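J.: An experimental structure, sequence included, is below.
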Amino acid sequence: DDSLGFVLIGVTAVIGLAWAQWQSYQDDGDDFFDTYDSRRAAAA
Amino acid sequence: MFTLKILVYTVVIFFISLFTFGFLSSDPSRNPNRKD
Amino acid sequence: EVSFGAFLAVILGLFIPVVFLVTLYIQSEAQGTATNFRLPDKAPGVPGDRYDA
Amino acid sequence: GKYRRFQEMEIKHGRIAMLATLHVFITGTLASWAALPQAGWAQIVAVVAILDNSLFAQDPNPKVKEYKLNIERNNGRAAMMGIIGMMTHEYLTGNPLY
Amino acid sequence: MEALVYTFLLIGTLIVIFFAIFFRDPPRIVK
Amino acid sequence: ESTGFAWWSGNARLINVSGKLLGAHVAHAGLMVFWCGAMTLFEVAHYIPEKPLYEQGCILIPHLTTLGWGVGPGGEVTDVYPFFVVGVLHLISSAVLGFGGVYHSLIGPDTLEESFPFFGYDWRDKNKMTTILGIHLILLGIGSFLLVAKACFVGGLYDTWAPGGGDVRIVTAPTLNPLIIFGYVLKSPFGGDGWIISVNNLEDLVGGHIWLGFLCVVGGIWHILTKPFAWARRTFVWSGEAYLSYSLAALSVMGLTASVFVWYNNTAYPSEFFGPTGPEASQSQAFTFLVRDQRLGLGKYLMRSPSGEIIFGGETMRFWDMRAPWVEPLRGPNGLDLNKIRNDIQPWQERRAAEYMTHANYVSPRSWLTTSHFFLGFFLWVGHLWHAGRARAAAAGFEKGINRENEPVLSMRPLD
Amino acid sequence: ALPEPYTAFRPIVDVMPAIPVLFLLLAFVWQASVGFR
Amino acid sequence: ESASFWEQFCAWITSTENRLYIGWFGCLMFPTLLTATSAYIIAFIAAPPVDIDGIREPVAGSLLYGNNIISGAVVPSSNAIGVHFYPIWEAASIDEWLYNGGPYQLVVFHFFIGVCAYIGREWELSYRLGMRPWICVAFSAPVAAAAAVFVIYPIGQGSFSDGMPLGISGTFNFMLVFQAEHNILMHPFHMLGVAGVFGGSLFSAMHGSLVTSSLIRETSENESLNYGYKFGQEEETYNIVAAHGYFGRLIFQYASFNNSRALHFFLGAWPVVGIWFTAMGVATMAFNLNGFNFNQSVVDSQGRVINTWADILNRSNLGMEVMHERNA
Ligand code: CLA
Ligand code: CLA
Ligand code: KC1
Ligand SMILES: CC1=C(/C=C/C(C)=C/C=C/C(C)=C/C=C/C=C(C)/C=C/C=C(C)/C=C/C2=C(C)CCCC2(C)C)C(C)(C)CCC1
Ligand SMILES: CC1=C(/C=C/C(C)=C/C=C/C(C)=C/C=C/C=C(C)/C=C/C=C(C)/C=C/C2=C(C)CCCC2(C)C)C(C)(C)CCC1
Ligand SMILES: [Fe+2]
């Protein structure tokens, strides 16, 4: 609001928690040997 | 107006964060030649 | 000064060919020839089958 | 799963809080936070980050030592409680009110 | 009066574009 | 053929051949050093002592006078010998680099992964690529520290903002406050405040290079000692063409930035060796005309800005953000102070603006540098687009074309 | 201009800039010599 | 076990079943391009005159203020602004924002972001469909030209007032002033651009006439031949050898691009490279690297100047320049 950085911090937090919720059930802990990661855990 | 500046700032940051976190959401996997 | 004849030139120059195109398309829909996704004519006056049956 | 996160969270939060207590005890908090140049604080934050992720990063996978860690865990709990109040005593009183 | 005609022509062009995009002939693949 | 690449794309045959890739890169580096040394040798061979550097098409000698080599007070060029030894050193280093690149490309160890596991690499081995990136980041930070050593300990840097007309000044108090240093980076890029270009003194320059060297050093050891995290591993493409595309995007950004930098900034590129900027020359014309009109015996030559700023009128009013070392002594709190104009105008400022009047068939070296590096930056952005697309499509596996047996579009439901 | 002990090296200096660009034409004639393999 | 909201959002955004593909680049493209579209339409229909020159003489550009579609434009920002960032919240009033050419800045910035995101979106859909990703490289040439005409020339000249107006007559005025100040006609890069555009039209008409000429008979008499092609068919719709023989006999014995791959690469490459070079020519002329100057190139024995066609072109440039430099 006042210093205009809370608008920046607040919005990327809200979308960031949505992204973190998606990232939580991604089994990306194991490392792959490939050009790109084809592993995407789609719940539904 | 300061309120218009606030609304434009949060809309711009919202769309930019949508772009940024969307491209971080395993974008190279979203291709038709994905190895199952 | 509003040019009186210029208004008719814009109006009738737009309305009449738009009318001609709309009338041609509507009667084409009645004959089942208003799609390009159909086979060529199997016979003179008989339109071809559509791609999706 | 949450216990594994909480276990390493408690010991490492304590371990940082121990070294903070020995710092303010041998130097006799927020006064040193402002007196130090911000290049030095960025220098400190950098070397902790390399240590926390590379050289002192935990791999995910005798009666004297099992009590010593419990002593360390108990002394870490006290050092954690003291530090957050020590800054407040510098915030209001300015000096640790003996 | 002229500006009304100009606005009507431009808006009608955009309407034609909208109809050409969203109410187009659906492409069917020959079988 | 064996790799499928034709002769016109024959350097693509070196993607999986690390030894010849190293040879090609070292040979290209030798070519770069050869051009650098040969160009400064060419520039000193054609250098006329009486003329300024920007009047004889010099681009590499002005880069040396900025570093405080062979330059006197006021921007005068004293000795050509330091530029000569710089050229000779670059020639000899170029010979060494060319020999090394030719050896590694022709008779060196082809596919050196097996022979030298420390030097060998695979594009998908993220640990090894992060190690290489960290080593080169450490080298870049060391180079920035070398510039700081030049600025603060060895000789010094030419300070165009020094009183009296500029002099080579050794800086002893760099701006180490991260608020100012990183507010330069987070500055808006529009008029008034010009992002990084708006650096107007030597102190912020050397302090920012200290911060950059420290950041590059710590990032280098970070990338050497760590591995990319899960989000980074799932986001990027791990292949040589992808890394080339990322470097192309970064290099394009830097090329456009340096083009605007040499066009606008007169601190890292002083107007004594590179010549005046466009706004600098326009305000020079206005200022010299005002000097003539005041010496003849508000005025139409100046105007009152809405922000209470006294600035030159006419078409020159769009360049009211221009700051020059010969305007700042006459510029006070509200801008161009009327009292300061006709009271203490020193004669060194009078000749400088009159000199910048004529350099408003002539192409300034600022124009050459700006246009050339802008051309290169844009085409490197185009190359980033090409190589990024090709890397992503080759990683996914359809860079050769659409498979006839399994066409992806035929498996999707109709759009409408 | 060029320093006095190296003033005799004036003519070789003018052709020094053109060596990097002619390396590019060397790659074209090398491929033309082998018939663009 | 339920799917997270972000997973459904990512599935819908990158869905290939949408009527218009959105994608992550479209998340930037659609709001910016819809912002610039509505703002352009409103400013074109009704907007008070903009004092572009900075000396209290405004230029009318809207339909409601007495100009038609041809003369209507979104006038560039004022000379007082220069290259300053001028959002709607940094003006004292909406009237002062409209008086200084703020709509131009808003529309231009949103449009530039939108076309860069359009390039990215073209790559994105090429990736989701499994095709080769170089259509975006082809679109990078008109985007570069728009960037040079709207952003980069104001950067070099130091004012957004020197950008191209968003109108027809404003575009012509920009062209005339640019020719007066830089002689773009004699610039080699504009010659490459004209060669690219003329050659692109030539090659488009040539290829189209060659394919249309050799269409294989599949329809009846006077029926449209376009029904002879079936969407999704595998067999070729035209006789390639007959068209190649015609093109070979037209100029010289073996001149037909027998491989259609390099023919289509040439078709895609020629106007793209030409537009790239004319964009870079316009961008380099922003920093006063003007075109060829062949003025007073012919003199007689006594020193008198014999004019050439370049001198007549220079006289035209001088006339436009003295009518543009309003009290320089
Ligand atoms: C550091 C930059 C860099 C690097 C390492 C690469 C690397 C590669 N590229 Mg990429 N590229 C770049 C920048 C780069 N490129 C830029 C800036 C563009 C935009 C123009 C491209 C666009 C591009 C395309 C379109 C292609 C590549 C391809 C390739 C591969 C083969 C290149 C080759 O064999 O050269 C051969 C070199 C030539 C034939 C030179 C041609 C003549 C040039 C244009 C002259 C330029 C004028 C010069 C400045 C002055 C000369 C004047 C006079 C003497 C003639 C190789 C992996 C090819 C590949 O197949 O993909 C992997 C491919 O098709 N690149
Ligand atoms: C910066 C320029 C550059 C560099 C360093 C390279 C590097 C390389 N290329 Mg590329 N190339 C380039 C530009 C370059 N290329 C351009 C513009 C084109 C388009 C024409 C190509 C087309 C191309 C193809 C089609 C192929 C290569 C191949 C190769 C590799 C093997 C070359 C070879 O076998 O030489 C043999 C050369 C000779 C026998 C004659 C030249 C002898 C020397 C090198 C001449 C220079 C001598 C020098 C002046 C000596 C100074 C020494 C002194 C300082 C001590 C090598 C790593 C090959 C490959 O990719 O892998 C095998 C390959 O098939 N290149
Ligand atoms: C266990 C170690 C310990 C001791 C021994 C101790 C002692 C005193 N605290 Mg402290 N303190 C903490 C720890 C300790 N405090 C912690 C963990 C916190 C964070 C929750 C904390 C916060 C505050 C705040 C906000 C205030 C505060 C005060 C006093 C003051 C009371 C005066 C009295 O005893 O009559 C005495 C000296 C007040 C003050 O400063 O003076 C009025 C005050 O306002 N404290
Ligand atoms: C692989 C290959 C390649 C590459 C290579 C290269 C590119 C190389 C480089 C090279 C180089 C890079 C070189 C260098 C050289 C140098 C030299 C050889 C030097 C010398 C010097 C001198 C001699 C000097 C002297 C002087 C002085 C000291 C002073 C002044 C005067 C003078 C200048 C004289 C190519 C492509 C071709 C082909 C294919 C293969
Ligand atoms: C020297 C100097 C200086 C400087 C310094 C510094 C401090 C710097 C910094 C710098 C920096 C600090 C930089 C940064 C940068 C960053 C960037 C450039 C980023 C980018 C990003 C990216 C690239 C990403 C992307 C993405 C996304 C967004 C999403 C997902 C996907 C991806 C990942 C791709 C100054 C000016 C002061 C002064 C003068 C001197
Ligand atoms: Fe075709």
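T.: Ah, there it is. Numbers count the residues shown, from 1 in each chain, chains lettered A, B, ... in the order given. Ligands and ions are numbered 1, 2, ... in the order given.

J.: In contact with the residue of the stretch 101-250 of chain H at minimum distance from chain A, which residues are there?
T.: Nearest residue of the stretch 101-250 of chain H to chain A: residue H:127, at 11.3 Å (CB to the nearest CB). Placement of C-beta: from N, CA and C, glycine included. By CB atoms under 8 Å, 6 or more residues apart in numbering or on different chains, residue H:127 lies in contact with B:30, B:31, F:392, F:393, F:396, H:133.

J.: repeat that for 10 Å
T.: By CB atoms under 10 Å, 6 or more residues apart in numbering or on different chains, residue H:127 lies in contact with B:27-28, B:30-32, F:389, F:392-393, F:396, F:398, H:14, H:23, H:133.

J.: which among these gets closest to residue F:44?
T.: Distance to residue F:44, by CB to CB, is smallest for residue F:389 among the contacts of residue H:127, at 44.7 Å.

J.: Over to stretch F:47-56 now: how far is its first residue from its last?
T.: End-to-end distance for stretch F:47-56: 7 Å, by CA to CA, to the nearest Å.

J.: Now the contacts of residue H:127 in CSV, please, with extra columns for distance to ligand 3, neighbour count and secondary structure.
T.: Shown next, in CSV, are the contacts of residue H:127 (distance: CB to the nearest ligand atom, whole Å; neighbours: other CB atoms under 10 Å in any protein chain shown; DSSP: H, G, I helix; E, B strand; the rest coil):
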residue, distance to ligand 3, neighbour count, secondary structure
B:27, 46, 22, helix
B:28, 48, 23, helix
B:30, 49, 22, coil
B:31, 54, 21, coil
B:32, 58, 21, coil
F:389, 57, 23, helix
F:392, 53, 25, helix
F:393, 58, 24, helix
F:396, 55, 23, helix
F:398, 61, 21, coil
H:14, 49, 22, coil
H:23, 50, 29, helix
H:133, 58, 24, coil
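
J.: Show me the two of these that sit farthest apart.
T.: Spanning the widest gap among the contacts of residue H:127 are F:398 and H:23, at 17.8 Å by CB to CB.

J.: ok, back up a step: quick one: which helix or strand includes the residue of the stretch 101-250 of chain H closest to chain A?
T.: Element membership of residue H:127, judged by DSSP states H and E, is helix H:102-128.

J.: Determine the number of other residues adjacent to whichever residue of chain A sits closest to ligand 2.
T.: Among the residues of chain A, residue A:35 lies closest to ligand 2, at 20.9 Å counting by CB to the nearest ligand atom. Counted by other CB atoms under 10 Å in any protein chain shown, the residues lying close to residue A:35 total 22.

J.: Can you tell me which residues in chain D are near chain H?
T.: Counting by CB under 10 Å from any CB of the partner chain, no position of chain D is adjacent to chain H.

J.: Report all helices and strands that the next helix or strand along the chain from the helix holding residue H:127 contacts.
T.: With elements assigned by DSSP H and E, the helix or strand that comes after helix H:102-128 is helix H:135-147. Helices and strands touching helix H:135-147, by 3 or more CB pairs under 10 Å, 6 or more residues apart in numbering or on different chains; DSSP states H and E, are helix F:365-396, helix H:102-128, helix H:188-213, helix H:260-285.

J.: so, in contact with chain G or not, the longest one?
T.: Looking back up the chat, that one is helix F:365-396. No: judged by CB under 10 Å from any CB, helix F:365-396 and chain G are separated, with a smallest distance of 14.4 Å.

J.: Summarise which helices and strands that helix is packed against.
T.: Using 3+ CB pairs under 10 Å, 6+ apart: helix F:365-396 touches helix F:61-65, helix F:240-264, helix F:278-296, helix H:102-128, helix H:135-147, helix H:153-157, helix H:260-285.

J.: State which one residue of chain E is found closest to chain A.
T.: Going by CB to the nearest CB, chain A is nearest to residue E:29 of chain E, at 28.1 Å.

J.: meant to ask about chain B
T.: For chain B, CB to the nearest CB, closest residue to chain A: residue B:28, 3.9 Å.

J.: Excluding residues flanking it in the chain, which one is nearest that residue?
T.: Leaving aside its chain neighbours, residue B:28 sits nearest to residue A:36 (3.9 Å; criterion: CB to CB, 6 or more residues apart in numbering or on different chains).

J.: quick check, that neighbour in a strand?
T.: No: applying DSSP: H, G, I helix; E, B strand; the rest coil, one finds residue A:36 to be coil, outside a strand.

J.: just so I know, which of the helices and strands packed on helix H:135-147 lies nearest residue F:404?
T.: Going by CB to CB, the one of the helices and strands packed on helix H:135-147 nearest residue F:404 is helix H:260-285, 15.8 Å.

J.: between that closest one and helix F:240-264, how many degrees?
T.: Using axes from the mean of the first three to the mean of the last three CA atoms, to 10 degrees, the direction of helix H:260-285 lies 20 degrees away from that of helix F:240-264.

J.: Can you tell me which helices and strands helix H:260-285 packs against?
T.: Short answer (3+ CB pairs under 10 Å, 6+ apart): helix H:260-285 packs on helix F:365-396, helix H:135-147, helix H:153-157, helix H:168-182, helix H:188-213, helix H:240-250.
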